[PDB]
Every structure is written in structure tokens, then in C-alpha cells.
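Geometric and topological summary
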Amino acid sequence: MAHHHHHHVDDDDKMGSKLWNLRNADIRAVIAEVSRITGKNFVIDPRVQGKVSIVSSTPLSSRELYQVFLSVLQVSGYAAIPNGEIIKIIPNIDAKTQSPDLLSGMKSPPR
């Protein structure tokens with residue numbers, strides 16, 4: 001009615017989607033934080049330990065969020081590698097792919 005100001009950054013204003021401005025917390029807290037909304041399965045390598053804070057533009061949807069999680073890892077020194085239905089987050093600074101010893105096939109000797 002009167003005193004038309006409204007000059008405060010107090011209003012977060014959830015525009016039908018979740019705003020993401022997190023503060024440096026444990027990486028696995030955030031990997032659970034993202035899976036909480038995304039509904040996705042994650043596999044965290046024991047070497048994945050550090051601080052992560054997802055800060056992004058206006059409210060993010062489930063997929064939108066997950067896309068920023070992929071970026072926050074790259075800043076953190078980690079990466080998410082989808083292993084089928086489960087996504088594995090590992091330290092890309094140490095391991096990006098790491099071809100396993102089970103890459104020799106089946107090896108079927110003729111005799």
C-alpha cells in the first residue's frame with residue numbers, strides 16, 4: 001500500500017524450482033545433496049574427499065542441478081562417470097578412466 005521499497009536481498013523467491021547456492025561442505029555431503037533432488041545413484045571413490053559448494057544461476061531443476069554438480073566436481077578435482085544406472089564420482093586429478101585388467105576380453109584359446 002505505502003512505503004514502496006522492497007529493497008532487500010532477503011527474498012529467495014522459489015520460482016517453482018530449487019535455487020542452488022551451497023557453501024563449501026564435504027564433497028560426499030554434496031554428492032548426497034545432489035542425489036537427494038536428482039534421484040540419481042552415485043558411487044564415491046574413497047579418494048574423493050574435499051570441499052564442494054554448488055553455486056549457480058536462478059533455480060535449478062533435477063537435471064539442471066545434476067549438470068552443475070558435474071561442473072562443481074571439475075572445480076573440486078573430481079568427475080562423475082555414469083556406470084550404467086549408477087554414476088561414479090572419482091578424482092579426475094588422479095583417475096579419469098583407468099583401463100582395468102579386465103580389458104583383455106574373454107580370451108578363448110582354440111585348444
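- Structure determination for this entry, per the PDB record, employed solution NMR.

- Under the PDB entry, the name given to the protein chain is Type II protein secretion LspD, and the source organism is Legionella pneumophila.
- Each PDB entry has a title, and for this one the record gives "Solution structure of Legionella pneumophila LspD".

**Looking at the packing of helix α1 (residues 27-38) against helix α2 (residues 62-76)**
- Relative to each other, α1 and α2 sit at 165°, their axes nearing to 9 Å. By the angle between their axes, α1 is roughly antiparallel relative to α2. Between α1 and α2 the crossing geometry is left-handed. Every residue of α2 that contacts α1 at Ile27, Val30, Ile31, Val34, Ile37 and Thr38 is listed here: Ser62, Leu65, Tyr66, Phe69, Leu73 and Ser76.
- Taken together, the residues that form the contact of α1 with α2 break down as nine nonpolar, three polar and no charged.

About the criteria used
Residues numbered from 1 in each chain as written, not as in the entry; some residues may be left out. Heavy atoms only, no water. Axes fitted to C-alpha atoms, helices over the stretch in contact; angles between N-to-C directions. Helix = DSSP H or I, 4+ residues; strand = E, 2+ residues; numbered from the N terminus. Parallel < 35°, antiparallel > 145°, perpendicular 65-115°, else oblique. Left-handed = near helix turned anticlockwise from the far one by under 90°. Contact = heavy atoms within 4.5 Å. Nonpolar A, V, L, I, M, F, W, Y, C, P; charged D, E, K, R; others polar.

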